[PDB]
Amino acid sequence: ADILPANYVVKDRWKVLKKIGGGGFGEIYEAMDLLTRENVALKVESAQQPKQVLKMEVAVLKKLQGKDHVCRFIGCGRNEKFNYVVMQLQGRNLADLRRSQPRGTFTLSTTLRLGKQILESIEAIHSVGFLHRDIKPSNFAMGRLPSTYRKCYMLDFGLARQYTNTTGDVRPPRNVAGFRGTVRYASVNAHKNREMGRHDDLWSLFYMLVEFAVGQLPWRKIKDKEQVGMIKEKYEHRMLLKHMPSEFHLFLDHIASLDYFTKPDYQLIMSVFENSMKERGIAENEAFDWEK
């Protein structure tokens, strides 16, 4: 049922090695680039699939070129069977790296330094007028080159939505927007089926970094969206910070105060991480947990 068979060759250049990712919206392959001789990420969707996402992904991926923490754009194309985008292949996914950890926790050193990079990548996609709307560990991966193995990359834009018009004015929010992202890391605004803003990506970051440093969220073994929403709406979020650096109270207080229209203070949140590291002699050149 795969769109492309193993060893299938696209535009006489990208040879399919294997499927690496799947789901109702399209498929990701590792391919060999027959020109440059490196392996690449090949994303395909059926030409027939009623919901066409790749055109979104390509537009966002092209707007972000020159920014760090984004895959290099290699190619894109349509035809009778599928559309495709070719981009730089990245390495180990943050979801897998967390799961590999003895306690399913990262050190604070790993956590805070991943935080800085993911926050940069969130500021980046916001700066070109898009929300990610599915910030979660599996949407980030570390590099697979001598030049990138300590760099964290935002992988996918399949759920992104433009929050601006042409001028950089914020779009009117719909009265209701059905939340489409991952239950675990969704803001209370997303659970309430409200138009997501930039703050909702920063909510997802907050929940992700707590899960990194502590190893679980309180609503961990709940897959029912509405249940998870009711737990979050009531949960005393300061509790989440019991075993986090105190500077995170600034992060929490800031994002709790934002609405759909308001531009977040990204430097406030960047400062939380840097001040947290500094208090604790955490250097930028420290091994990540999965090294040694």
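We call the rigid core whatever largest set of C-alpha positions still superposes within 1.5 Å between the two forms. Each residue number is its position in the shown sequence, starting from 1.
Between stretches 263-271 and 48-56, greater average Cα displacement in 6 other deposited structures of this protein relative to the shown form, fitted by the core, falls on 48-56.
In a rigid core superposition of the other structures in 6 other deposited structures of this protein, 83-91 and 164-172 differ in how far their CA atoms stray, and the farther one is 164-172.
In this entry, 77-85 shows the higher mean Cα temperature factor of the pair 135-143 and 77-85. Across the two stretches, 159-167 and 118-126, the PDB entry reports the greater mean Cα temperature factor for 159-167. In the PDB entry, the Cα temperature factor peaks, among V210, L112, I222, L97, at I222. Comparing the listed residues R92, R103, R198, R72, the entry records the largest Cα B-factor for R103. For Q216, the recorded CA B-factor ranks within the highest third of the chain. Only modelled residues enter the ranking.
Per the deposited record, the Cα B-factor of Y260 falls in the lowest third when ranked against the other modelled residues of its chain.
Among all modelled residues in its chain, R150 ranks in the middle third by Cα B-factor. Placement of the Cα temperature factor of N39 within the chain: lowest third of the modelled residues, per the deposited record. Placement of the Cα temperature factor of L61 within the chain: lowest third of the modelled residues, per the deposited record.
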